[PDB]
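Engineer:
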Amino acid sequence: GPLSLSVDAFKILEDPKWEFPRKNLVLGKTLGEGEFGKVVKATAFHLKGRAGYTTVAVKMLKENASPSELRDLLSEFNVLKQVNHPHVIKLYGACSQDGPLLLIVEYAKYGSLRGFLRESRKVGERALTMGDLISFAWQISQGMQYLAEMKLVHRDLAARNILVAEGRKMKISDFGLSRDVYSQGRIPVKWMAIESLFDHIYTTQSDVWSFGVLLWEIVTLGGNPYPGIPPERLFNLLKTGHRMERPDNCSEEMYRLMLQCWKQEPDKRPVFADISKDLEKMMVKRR
Amino acid sequence: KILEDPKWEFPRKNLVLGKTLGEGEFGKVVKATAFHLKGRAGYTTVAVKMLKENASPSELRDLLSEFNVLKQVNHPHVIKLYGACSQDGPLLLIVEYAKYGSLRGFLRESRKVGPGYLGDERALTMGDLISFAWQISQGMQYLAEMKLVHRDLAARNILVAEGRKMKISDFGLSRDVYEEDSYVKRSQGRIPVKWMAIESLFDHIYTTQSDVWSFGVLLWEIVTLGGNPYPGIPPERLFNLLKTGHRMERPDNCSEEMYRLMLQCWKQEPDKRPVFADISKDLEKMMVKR
Ligand SMILES: CO[C@]1(C(=O)N[C@@H](C)c2ccc(-n3cc(F)cn3)nc2)CC[C@@H](c2nc(C)cc(Nc3cc(C)[nH]n3)n2)CC1
Ligand SMILES: CO[C@]1(C(=O)N[C@@H](C)c2ccc(-n3cc(F)cn3)nc2)CC[C@@H](c2nc(C)cc(Nc3cc(C)[nH]n3)n2)CC1
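Taken in sequence, the protein lines are chains A and B. Those letters in the first sequence? Residues 700 to 823, 843 to 900, 909 to 1013, by PDB author numbering. Those letters in the second sequence? Residues 710 to 828, 842 to 1012, by PDB author numbering.
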């Protein structure tokens, strides 16, 4: 079937460009674990023609992995080969010839955005300003603009899936559900667009909805979307035009931007260029 | 939406939630108590399955589907549904409480907690292990008769109730097969590779005979007292390993007869595997001959 064909392809040593010798990777501490995989910090010797050791993150599966988890890992690898942008997590390669499948990616020293924010606190505890957050959103929007031009739909945009690198640079991560636009879903209900929920449709404009949820997570420094509303009742609330209210410590201009990402009609949402543009304008205008 | 079935709906105010017995990424099982449950006077200890805030539509759909399936099935070795609260908030599924937890959990504890395995409800012999497998085969026999495929048979998905009685659980992945005697779907499954029959892995086909393969894995689990299948082999290696005809070795605690039954469960051709009624008979014969 499709997976056996991808696994067999992958285990062929064909593209030397993305195949990294296992003996030059030294796995370090576990950065984090799910039910079916984990991320581990590592060092890689002579990665991509670089001197000495480069610190990397390594994604791998656990023993109880399903075909679904193996397909998402292989899918992520196949997608990140074609992308390069400063605010998208970089792929360095994979180990496909000795032991388990390992994906080698860019290390971002600070972890997930959601974590980084929940550690934080706002100011006019780690201290962040409105200019900081707007910077964050803008970085993500630039990365999303780039993806949308390559006609990639990310599907899983959320603060849990953005990483924070040195210099507080944002890296969009977790491409295992992405699809090249050019069945029941596995994206959490509370980040999905109404047409995704009712019609199982994903487009860049459903990424723009998810972006509005992610915007809300930023300004609330890691809040949980629609608190006290169970995922199962959200279908109905949204269909009748309820949305999250304007949060505390959030401007009228930011909130408007949010609400527009959540228009029922995908055509009436902004595109990522407009979202970037709004953010560029807010920042010059706050100096 | 979800259509209230009064036969099953339970008053939210009569349910009290306690500790988390365990959790995954998207959901939880919690220990609970239910007042005036299905006629019983007073409180009854039960277990409740529920979603977390990050739930996906697939996870909702699976919880609903476990609810659906459980309404139709009734057997001594299938976990009993009591009801659901599906109206004034989160969907809660109310099921029988099995006090020893999962089978894999229970067996792994008997490695270290005396009197342990011997050849108390904690003293275990090969005869007890044969019986646990037989109870499960009977429950699977009944499910196959009801035209279901479980798909996710594993020691982690069996519960151990008072009297060490086996209860098949975790019906979120089970599917009806009345037309065709198979369930197929185009996308990739969410059952762990190491329990999947070969034709499920390669061809996406699930039948009672792929549940037989998974039962075979479960037998190896049971005889290893909760061992991990294909120890140290990466999951993606199973495609090649299985198609080149390799199978797990006979574990040290296992009779020739028992291992023969396992290997029969893992025949490449699904028609060459025994059916659940044959498996139950094989296990009966083993039990009585000692
Ligand atoms: C959200 O990411 C984390 C997490 O716990 N994820 C869990 C839930 C998770 C689920 C599934 C799988 N899978 C891995 C597979 F191959 C398949 N699934 N791995 C991990 C893991 C890593 C993360 C992290 N922390 C720090 C301090 C640094 C850091 N740097 C990174 C991480 C990366 C990729 N680059 N740089 N990452 C912290 C949380
Ligand atoms: C295999 O089940 C356990 C487990 O950790 N399950 C995890 C992995 C898990 C994953 C997904 C979700 N989801 C729940 C959803 F709604 C959807 N997913 N919940 C839990 C949770 C229950 C279990 C347990 N321990 C003891 C001592 C008793 C006990 N008794 C029970 C349990 C029941 C149902 N009846 N009686 N159960 C321990 C292991």
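Yeah, the Cβ is synthetic: ideal placement off N, Cα and C, and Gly gets one too.
(1) Should A:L800 and A:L773 be called a contact, given that it needs their Cβ atoms to be closer than 9 Å?
(2) State the start and end residues of the unbroken alpha helix (DSSP H) segment that holds B:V939.
(3) Should A:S765 be counted as a contact of ligand 3 given a C-beta to heavy atom distance under 8 Å?
(4) Please classify B:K722 as buried or exposed, where buried requires at least 16 neighbouring CB atoms within 10 angstroms.
(5) Would you please verify whether the beta carbon of B:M918 is less than 9 Å from any beta carbon of chain A?
(6) Under 8 Å Cβ-Cβ, which residues of chain A neighbour B:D925?
(7) Are the Cβ atoms of A:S795 and B:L923 separated by less than 9 Å?
(8) Give me the subset of the stretch 954 to 983 of chain B whose CB atoms are less than 9 Å from a CB atom of chain A, sorted by chain position.
(9) Between the C-alpha atoms of B:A999 and B:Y928, what's the straight-line distance to the nearest angstrom?
(10) Can you grab the Cα-Cα spacing for the pair B:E732 / B:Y981, in whole Å?
(11) Starting from the beta carbon of B:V915, find every residue of chain A whose beta carbon is closer than 8 Å, and list them in chain order.
(12) Give a yes or no on whether the C-beta atoms belonging to B:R873 and B:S936 are separated by under 9 Å.
(13) Anything in the stretch 711 to 726 of chain B with a Cβ closer than 7 Å to a Cβ of chain A? List those residues in chain order, please.
(14) Between B:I880 and B:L812, is the Cβ-Cβ spacing less than 9 Å?
(15) From the DSSP output, which residues share a beta bridge with A:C794?
(16) For the structure I just gave you, are there three or more beta carbon pairs, one from the stretch 939 to 950 of chain A and one from the stretch 970 to 986 of chain A, closer than 8 Å?
(17) Since B:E762 and A:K916 should fall inside the 8 Å C-beta cutoff, what is the C-beta to C-beta distance between them, to a whole number of angstroms?
(18) Per the contact definition of three or more C-beta pairs closer than 8 Å, is the stretch 775 to 784 of chain B in contact with the stretch 736 to 745 of chain B?
(19) Whole angstroms is fine: what's the gap from residue 1017 of chain A's alpha carbon to B:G911's?
(20) Could you name the residues of chain B that A:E921 contacts, counting a contact when the two beta carbons are closer than 9 Å?
(21) Given a cut-off of 9 Å, decide if A:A807 and A:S891 are closer than it, judged by their beta-carbon atoms.
(22) Short check: CB of A:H786 to CB of A:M888, under 9 Å?
(23) So which residues on chain A does B:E734 lean against when the C-beta distance must stay under 9 Å?
(24) Count the other C-beta atoms from every protein chain shown that fall within 10 angstroms of the C-beta of A:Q860, then say buried if there are 16 or more, exposed otherwise.
(25) Quick check: is any heavy atom of ligand 2 less than 8 Å from the C-beta of B:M759?
(26) Which class does A:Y752 belong to by DSSP, given the choice of helix, strand or coil?
(27) Is there a Cβ of chain A sitting closer than 9 Å to that of B:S904, yes or no?
(28) At 7 Å on the CB atoms, spell out the chain A contacts of B:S909, in chain order.
(29) With DSSP as the reference, label B:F744 as helix, strand or coil.
(30) Would you mind stating whether B:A866 and B:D933 have Cβ atoms separated by less than 9 Å?
(31) Pull out every residue of the stretch 787 to 800 of chain B whose Cβ sits closer than 8 Å to any Cβ of chain A, in chain order.
Structural biologist: Answer, in terms of the structure:
(1) yes
(2) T930 to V945
(3) The ligand content of the structure shown is limited to ligand 1 and ligand 2, which means ligand 3 is not among them.
(4) exposed
(5) yes
(6) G700
(7) no
(8) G954, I955, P956, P957, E958, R959, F961, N962 and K965
(9) 19 Å
(10) 33 Å
(11) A764, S765, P766 and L769
(12) yes
(13) none
(14) yes
(15) A:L801
(16) yes
(17) 7 Å
(18) no
(19) The displayed coordinates of chain A run from 700 to 1013. Any statement about residue 1017 of chain A would go beyond what the structure contains.
(20) Near A:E921 there are no residues of chain B at all, since even the closest Cβ is about 13 Å away, more than 9 Å.
(21) yes
(22) yes
(23) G733, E734 and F735
(24) buried
(25) yes
(26) strand
(27) no
(28) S909
(29) strand
(30) yes
(31) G798, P799 and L800
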